[PDB]
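Enquirer: Please read through the structure below; I'll follow up with questions.
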Amino acid sequence: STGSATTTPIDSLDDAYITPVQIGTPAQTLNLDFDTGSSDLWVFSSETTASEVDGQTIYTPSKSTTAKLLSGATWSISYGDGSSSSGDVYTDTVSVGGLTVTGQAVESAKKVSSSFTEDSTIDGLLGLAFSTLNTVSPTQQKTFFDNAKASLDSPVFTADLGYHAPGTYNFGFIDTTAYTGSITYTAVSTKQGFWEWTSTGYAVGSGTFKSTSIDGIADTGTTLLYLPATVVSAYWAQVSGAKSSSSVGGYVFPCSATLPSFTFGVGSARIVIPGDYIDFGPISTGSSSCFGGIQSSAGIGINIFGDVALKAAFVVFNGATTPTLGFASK
């Protein structure tokens with residue numbers, strides 16, 4: 001089997017992407033944030049504290065003839081941005097782009113933190129990291145991809161995120177029309193539960209490539225590109241007036257600037273992020289200070305190849321017995 005679904009930016013900055021997902025019988029369609037940096041499929045629901053729902057579409061398990069309470073199971077998750085959610089668990093039928101999994105754990109939120117409530121466009125998350133990170137207790141649950149893998153034509157999914165435009169998540173096949181050149185594959189460590197790999201270096205604009213190993217994660221659920229402070233300083237030093245602002249929380253730059261591109265290495269191959277992809281717009285409405293798309297990871301503990309980086313490539317998440325990542329230009 002295969003599946004193919006369109007993923008759409010939630011706003012004019014590409015802050016996140018939502019993909020329609022069918023849950024239950026008859027189908028209830030929710031728009032979920034596919035997140036290769038976490039491993040829980042959780043939704044706003046009829047159980048969510050009413051004051052914490054503000055415009056989202058909810059899953060109502062009592063209206064699904066295929067829903068079953070997973071007795072005793074609870075979940076609770078906290079993300080790198082400080083947001084969180086928790087609740088109980090049902091199993092139900094879940095379909096993405098024509099690909100159906102029966103018995104998928106659907107984690108029903110009883111509580112969500114303010115940033116989730118405040119974002120009316122995201123009805124939940126669909127985790128695509130390794131199932132060892134799933135938070136369900138006392139019996140850990142598998143991701144949608146893990147449950148689907150054996151049925152897929154090939155044990156892979158691909159992320160093709162657009163710049164200010166829709167893109168595609170495919171399951172079970174590699175669309176050879178969706179990229180240019182060849183796909184370069186690189187080793188993955190699953191020891192932390194992430195799609196963790198080592199970039200071979202970077203360049204700023206037309207500058208020379210610096211060969212240096214940068215360990216990080218391919219994370220569709222993080223907006224920006226977080227890299228070591230040395231790399232990020234080298235980038236922003238090429239932008240007149242750019243500076244790190246402790247009050248804003250990162251590098252800002254004059255909105256009048258034209259930004260240089262940023263290249264990262266994948267083996268001997270190179271992925272170029274155009275300068276425009278690094279512009280996240282005014283820090284507050286009407287400001288002439290703009291927020292940068294490349295930021296320091298120094299306070300995180302891990303480097304993160306988020307959407308800013310991933311949207312410049314066609315990315316293969318290869319879930320073969322030994323997982324690997326593939327990157328192609330497009």
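We label chains A, B, ... in the order they appear in the structure tokens, count residues from 1 in each chain, and number ligands from 1 in the order shown.
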Taking only segment 59-233 of chain A into account, list the residues labelled helix (DSSP H, G or I) by DSSP (computed from the backbone), as a list in words.
Expert: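 Checking each residue of segment 59-233 of chain A, the helix (DSSP H, G or I) ones are residues 61, 62, 63, 114, 115, 116, 117, 131, 132, 133, 144, 145, 146, 147, 148, 149, 150, 151, 229, 230, 231, 232 and 233 of chain A.
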Enquirer: So that I can see what lies close to segment 259-266 of chain A, please list as a ChimeraX atom specification the residues with an atom at most 10 Å from it, counting only C-alpha atoms and leaving out residues fewer than 4 positions away in the same chain.
Expert: /A:183-186,197-207,209-214,235-236,238-240,253-255,270-279,292,294,305,309,312,325-328
Enquirer: Give me, as a ChimeraX atom specification, all polymer residues having an atom no more than 6 Å from residue 2 of chain A, counting only C-alpha atoms and skipping those fewer than 4 positions away in the same chain.
Expert: /A:99,152,171-172
Enquirer: Only C-alpha atoms, please: the residues just picked out, written as a CSV table (one decimal), in the first residue's frame.
Expert:
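Output contents, as saved in result14.csv:
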chain,number,residue,atom,x,y,z
A,99,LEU,CA,-3.3,4.7,3.6
A,152,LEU,CA,3.8,-0.4,2.7
A,171,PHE,CA,4.1,6.9,2.6
A,172,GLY,CA,5.5,3.8,1.0
Enquirer: Looking only at strand (DSSP E or B) from DSSP on the backbone, list the matching residues of segment 128-314 of chain A as a PyMOL selection string.
Expert: chain A and resi 137+156-160+167-171+184-187+189+196-204+210-218+225-227+243-245+250-254+262-266+269-273+279-282+289-292+294-296+303-305+314
Enquirer: Write the residues you've just listed into a file as a tab-separated table (two decimals), in the first residue's frame, and include C-alpha atoms for each of them.
Expert:
chain	number	residue	atom	x	y	z
A	137	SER	CA	1.78	4.65	29.94
A	156	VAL	CA	9.67	4.79	3.87
A	157	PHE	CA	7.92	8.12	4.07
A	158	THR	CA	8.96	11.38	2.42
A	159	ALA	CA	8.59	15.04	3.38
A	160	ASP	CA	8.35	17.62	0.59
A	167	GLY	CA	3.74	20.34	-0.32
A	168	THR	CA	3.38	16.58	0.16
A	169	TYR	CA	3.85	13.74	2.62
A	170	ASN	CA	4.06	10.35	0.87
A	171	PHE	CA	4.06	6.93	2.55
A	184	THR	CA	22.07	11.26	-1.06
A	185	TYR	CA	21.57	8.92	1.88
A	186	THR	CA	23.27	9.35	5.25
A	187	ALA	CA	23.43	7.32	8.44
A	189	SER	CA	21.33	7.10	15.00
A	196	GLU	CA	19.52	11.97	14.11
A	197	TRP	CA	22.27	12.38	11.51
A	198	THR	CA	25.56	14.23	10.95
A	199	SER	CA	25.85	17.00	8.39
A	200	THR	CA	29.26	17.34	6.77
A	201	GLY	CA	29.50	21.17	6.98
A	202	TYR	CA	28.15	24.47	5.79
A	203	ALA	CA	28.63	27.57	3.66
A	204	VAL	CA	27.27	31.11	3.98
A	210	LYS	CA	33.57	24.61	5.83
A	211	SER	CA	33.97	20.88	6.42
A	212	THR	CA	32.84	20.11	9.96
A	213	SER	CA	30.57	17.48	11.50
A	214	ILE	CA	27.24	18.81	12.80
A	215	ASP	CA	25.08	16.23	14.60
A	216	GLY	CA	21.39	17.11	14.55
A	217	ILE	CA	17.83	15.92	14.02
A	218	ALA	CA	15.51	16.14	11.02
A	225	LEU	CA	17.11	25.87	11.84
A	226	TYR	CA	19.04	25.62	15.15
A	227	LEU	CA	22.82	25.22	14.83
A	243	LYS	CA	22.47	41.13	16.12
A	244	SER	CA	21.46	38.68	18.83
A	245	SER	CA	18.78	40.21	21.05
A	250	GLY	CA	17.47	35.37	19.16
A	251	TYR	CA	19.03	36.95	16.12
A	252	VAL	CA	17.13	39.81	14.49
A	253	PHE	CA	18.03	41.76	11.38
A	254	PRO	CA	16.83	44.86	9.52
A	262	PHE	CA	22.89	28.96	3.68
A	263	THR	CA	24.26	25.63	2.43
A	264	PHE	CA	24.49	22.44	4.50
A	265	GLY	CA	26.33	19.24	3.60
A	266	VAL	CA	24.84	15.77	3.23
A	269	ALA	CA	26.17	16.60	-1.57
A	270	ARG	CA	24.96	20.12	-0.78
A	271	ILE	CA	21.50	21.52	0.03
A	272	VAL	CA	21.08	25.29	-0.53
A	273	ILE	CA	18.57	27.21	1.59
A	279	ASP	CA	13.20	35.70	6.82
A	280	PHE	CA	10.53	35.25	9.52
A	281	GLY	CA	9.23	38.79	9.29
A	282	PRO	CA	8.72	41.60	11.79
A	289	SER	CA	13.26	44.49	13.01
A	290	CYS	CA	12.80	41.02	11.49
A	291	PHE	CA	13.30	37.62	13.11
A	292	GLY	CA	15.96	35.28	11.75
A	294	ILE	CA	18.73	30.44	11.68
A	295	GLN	CA	19.22	30.51	15.46
A	296	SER	CA	21.66	29.15	18.02
A	303	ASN	CA	21.01	20.86	16.75
A	304	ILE	CA	17.68	20.89	14.89
A	305	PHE	CA	17.23	20.77	11.10
A	314	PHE	CA	13.05	16.38	-0.79
Enquirer: Closest to residue 193 of chain A among A:179, A:130, A:75, A:17, using only C-alpha atoms?
Expert: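 Nearest candidate to residue 193 of chain A out of A:179, A:130, A:75, A:17: A:130.
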Enquirer: List the neighbours of residue 65 of chain A out to 12 Å using only C-alpha atoms; skip same-chain residues closer than 2 positions along the sequence, and give me the result as a VMD selection string.
Expert: chain A and resid 23 to 28 60 to 63 67 to 69 90 to 93
Enquirer: Please provide the set of residues having any atom within 8 Å of residue 38 of chain A, restricted to only C-alpha atoms, with same-chain residues fewer than 5 positions apart removed, written as an MDAnalysis selection string.
Expert: chainID A and resid 127:130 133:134 194
Enquirer: Limited to N, CA, C and O atoms, could you put the picked residues into a file as a short mmCIF file (atom, residue, chain, number, x, y, z; two decimals), in the first residue's frame?
Expert:
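Result file selection.cif:
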data_model
loop_
_atom_site.label_atom_id
_atom_site.label_comp_id
_atom_site.auth_asym_id
_atom_site.auth_seq_id
_atom_site.Cartn_x
_atom_site.Cartn_y
_atom_site.Cartn_z
N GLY A 127 2.96 12.16 15.36
CA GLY A 127 4.39 11.95 15.54
C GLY A 127 4.95 10.91 14.59
O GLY A 127 4.34 9.87 14.33
N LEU A 128 6.14 11.20 14.07
CA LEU A 128 6.82 10.34 13.10
C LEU A 128 8.28 10.07 13.48
O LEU A 128 9.05 9.60 12.63
N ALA A 129 8.69 10.38 14.71
CA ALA A 129 9.96 9.90 15.23
C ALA A 129 9.81 8.42 15.62
O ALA A 129 8.82 7.76 15.28
N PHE A 130 10.78 7.87 16.34
CA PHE A 130 10.77 6.44 16.64
C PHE A 130 9.86 6.17 17.84
O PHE A 130 9.74 6.99 18.76
N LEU A 133 10.03 6.91 21.77
CA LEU A 133 9.71 8.18 22.43
C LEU A 133 8.23 8.32 22.78
O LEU A 133 7.86 9.31 23.42
N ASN A 134 7.38 7.38 22.38
CA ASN A 134 5.95 7.54 22.65
C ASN A 134 5.69 7.58 24.15
O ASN A 134 6.27 6.80 24.92
N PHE A 194 15.27 9.92 17.76
CA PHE A 194 15.08 10.91 16.70
C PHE A 194 15.71 10.41 15.40
O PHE A 194 16.51 9.47 15.38
#
Enquirer: Using only C-alpha atoms for the distances, tell me which of A:18, A:320, A:81, A:118 is nearest to residue 166 of chain A.
Expert: A:18
Enquirer: Compile a residue-level contact table for segment 102-211 of chain A against segment 82-86 of chain A at a cut-off of 7 Å, reporting for every qualifying residue the shortest atom pair and its distance in Å to one decimal, with only C-alpha atoms counted, rows ordered by chain and ascending number, as a tab-separated table.
Expert:
residue	atom	partner	partner_atom	distance
A:109	CA	A:86	CA	5.4
A:110	CA	A:86	CA	6.0
A:111	CA	A:86	CA	5.5
A:112	CA	A:85	CA	4.2
A:113	CA	A:84	CA	5.4
A:115	CA	A:83	CA	6.5
Enquirer: Quick check, in Å to one decimal: how far apart do atom CA of residue 39 of chain A and atom CA of residue 228 of chain A lie?
Expert: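 Rounded to one decimal, the two atoms are 25.4 Å apart.
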Enquirer: Which distance in Å separates atom CA of residue 287 of chain A and atom CA of residue 242 of chain A, to one decimal?
Expert: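 Going from atom CA of residue 287 of chain A over to atom CA of residue 242 of chain A, I get 14.6 Å.
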Enquirer: At a cut-off of 12 Å, using only C-alpha atoms, what residues contact residue 1 of chain A? Leave out same-chain residues fewer than 5 positions from it and give the result as a VMD selection string.
Expert: chain A and resid 95 to 101 148 to 156 170 to 173
Enquirer: I'd like to know which of A:256, A:246, A:132, A:297 is closest to residue 80 of chain A, using only C-alpha atoms.
Expert: A:297
Enquirer: Between atom CA of residue 87 of chain A and atom CA of residue 108 of chain A, what is the spacing in Å?
Expert: 5.6 Å
Enquirer: Which of these, A:284, A:8, A:223, A:57, has the shortest distance to residue 310 of chain A once you count only C-alpha atoms?
Expert: A:223
Enquirer: Rank A:45, A:177, A:190, A:7 by their smallest atom-to-atom distance to residue 124 of chain A, using only C-alpha atoms, and report the top residue only.
Expert: A:45
